[PDB]
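Heads up, the thing below is written out as structure tokens.
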Amino acid sequence: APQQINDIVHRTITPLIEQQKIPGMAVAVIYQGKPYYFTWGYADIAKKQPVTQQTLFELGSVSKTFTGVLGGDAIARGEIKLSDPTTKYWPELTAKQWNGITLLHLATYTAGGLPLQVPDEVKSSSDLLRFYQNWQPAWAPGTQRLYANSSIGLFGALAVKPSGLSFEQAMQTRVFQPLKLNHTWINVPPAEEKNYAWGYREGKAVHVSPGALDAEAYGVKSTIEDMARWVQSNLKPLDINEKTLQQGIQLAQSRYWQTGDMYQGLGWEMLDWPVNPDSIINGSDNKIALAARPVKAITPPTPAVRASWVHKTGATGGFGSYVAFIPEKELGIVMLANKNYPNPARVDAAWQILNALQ
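In structure tokens form, the structure reads like this:
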């Protein structure tokens, strides 16, 4: 890789790893369209397995970007419409509070205060129906944004209903395969477990636990190579042959709502570039990212803006990930670590690297 990339990456990541005490980490920088990989530490401390370009990391909430694009693809296929009421795809949701709540609201966390997490006691499909039926919104739809797995999670499950395919089935055939993301999984197969890094929380090795709507909200595992390819695809969707998928990616980057300097897409979140580091770094801190914030509707949605800082942070009990890219500069980065460390530190490092390259 060019010495400039090598230097900025290493001089930025090495200190990060030491300060946050990250066991293992993989980084990919997309420069002028080409990917450059970097790896450090361990995927498995006990077995001394190093992090490689083939190591699988839990993406946590970065999984929402895949869900958003899969949803966008479904829209492009004409199977669903974001303006459709949630009840059109789940007739059993007869509770009056759902009148007025559309798939758009679910996909963008603006349904009226759906909870960040689906309760652990929710296992069965009837438990899930009950959960949504009994939920009482704190606000009218389309007025406030509250980041929630139970929101985009339901969107993902409903978006694939028409296709008749399971969520994982649809994701593999409509997104992973067409983009040649052959080492990205919702459920890691036995054959790939040798590459599945362990996450670490308080020194204990851990893997994400099964949960309702986990696949749709935080269940994707992937390699730094496939993630770099995911970034490349989102940087230049037009180079994608699959028509509906090309459209789907564009739809996930459209700006639907605005809160402060941030715009909400489908999974992806965007800010106008050039951005102000502290405007995104501090904004990343769960304090701001997870808070209840009034939203302004963008009517109609603004098509993907090339001059944007597009990103998504992600975490599970033992992993921390970050993806950010700037279409206009054909620049991007992916940071995967097997320790969930502070979001501000991730964005600060990412900024430091990308700003230096353009």
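Under the authors' numbering, the first residue of the sequence shown carries the number 4, and numbering increases by one thereafter. Note that beta-carbon positions come from the ideal geometry of N, C-alpha and C, so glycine has one too.
Distance from the CA of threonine 68 to the CA of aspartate 47, rounded to the nearest whole angstrom, comes to 27 Å. Looking at the DSSP output, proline 165 shares a beta bridge with no other residue.
Within the region 6-45, the runs of beta strand (DSSP E) that reach at least 3 residues and sit entirely inside it are, in chain order, 27-34.
For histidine 186, there is no enclosing beta strand (DSSP E), as DSSP gives it neither H nor E. Distance between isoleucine 155 and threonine 111, taken at the CA atoms: about 7 Å. When beta bridges are read from the DSSP output, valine 337 appears opposite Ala31 and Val326. DSSP places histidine 314 inside the beta strand (DSSP E), whose first and last residues are 311-318. Take the alpha-carbon of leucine 73 and the one of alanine 173: they are about 8 Å apart. The shortest CA-to-CA distance from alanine 208 to any of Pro18, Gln57, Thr70 and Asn341 is the one to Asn341. Taking one beta carbon from each stretch, the region 229-238 and the region 165-184 have 3 or more pairs nearer than 8 Å; the two touch.
Relative to the Cα of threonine 42, the nearest Cα in the group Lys50, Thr70 and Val12 belongs to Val12.
By the criterion of at least three beta-carbon pairs nearer than 8 Å, the region 132-147 is not in contact with the region 189-207.
DSSP places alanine 295 outside both helix and strand once states are collapsed to three, so it counts as coil.
In the DSSP assignment, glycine 75 falls within the alpha helix (DSSP H) that extends over 66-79.
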